[PDB]
Structures are given as structure tokens and as C-alpha cells.
């Protein structure tokens, strides 16, 4: 209905587009260099530090693996 459910603060601009896991987990990169995994309730699940801004948008594999590029030149594969 367009009402805020919650907002989660990262350390930089969130240019990355979120991806949704099988359990509802939301994955998204931030310009603060981290890939974020956020629970559907808004609490952080984990965050993974890459070497540069994560402008790339994550994709989820058939086994749950999360893949995302970084401006540090790497394609990352992160376990769930």
C-alpha cells in the first residue's frame, strides 16, 4: 500500500539492485564495498566485504549461492 515497512542503513549509496533468496533473504551491494544479506524483518543476517564498490546486482544460483561483481575486478561467489 506504499507504507514503509523498514529501511536498513548501509555505509554508502545502494546502487546495486536487490535479489531475493528462497527464504526471503534480501541480498544487495553497497558502494561501501559490502554485499549485504538482510532478513525479511530488517535485521542484518551477514555482510561480506569486497575490495571495492558493489555496483553489480547479485544473482542466486540453484543451490543458493549468491554471485555479485565488485569494482575490485572480481566476480564473487558467496555461500548463503
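Under this definition, the rigid core comprises the largest set of C-alpha atoms superposing within 1.5 Å between the forms. Residue numbers count along the first chain shown, from 1.
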item: Greater root mean square CA deviation, 12 to 20 compared with 58 to 66 in 8 other deposited structures of this protein, core aligned; value: 12 to 20
item: Position of residue 73 among the chain's modelled residues by C-alpha B-factor, lowest, middle or highest third; value: lowest
item: Ranked against its chain, the third holding the CA B-factor of residue 60; value: middle
item: CA B-factor ranking of residue 44, expressed as a third of its chain; value: highest
item: Within-chain third of residue 11 by Cα B-factor, per the entry; value: middle
item: Position of residue 52 among the chain's modelled residues by C-alpha B-factor, lowest, middle or highest third; value: middle
